[PDB]
């Protein structure tokens, strides 16, 4: 009965300056309880956005999140080099707080 998180796409390539758009779907209504993490090799995954739309400390304004209920979107308005990473969503409405499969970003 775990909540199924469906994250899209699995990987994508884009150019510096480009808008990057990633989606997650929860298998049932999780209100606004969705986190977005950023992961670089050898480093701790880092939470950038929480409560679907709120930014953490030092997170630049080019990052945003939207959505409520069952459908959520993570956007990077203008891709920068330091943004190359794998991103994961996570719902924290009901335990276990399950994650999406991740999206690996790469430069074109």
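Residue numbers count along the first chain shown, from 1.
Stretches 33-41 and 48-56 differ in mean CA B factor, with 33-41 having the higher one. Sort the chain's modelled residues by C-alpha temperature factor and residue 28 lands in the highest third, per the entry. Compared with the other modelled residues of the chain, the Cα B-factor recorded for residue 101 ranks in the middle third. Per the PDB record, residue ranking by Cα B-factor puts residue 86 in the lowest third of the chain. Ranked by C-alpha B-factor against the other modelled residues of its chain, residue 66 falls in the middle third. When the modelled residues of the chain are ordered by their C-alpha B factor, residue 73 lands in the middle third.
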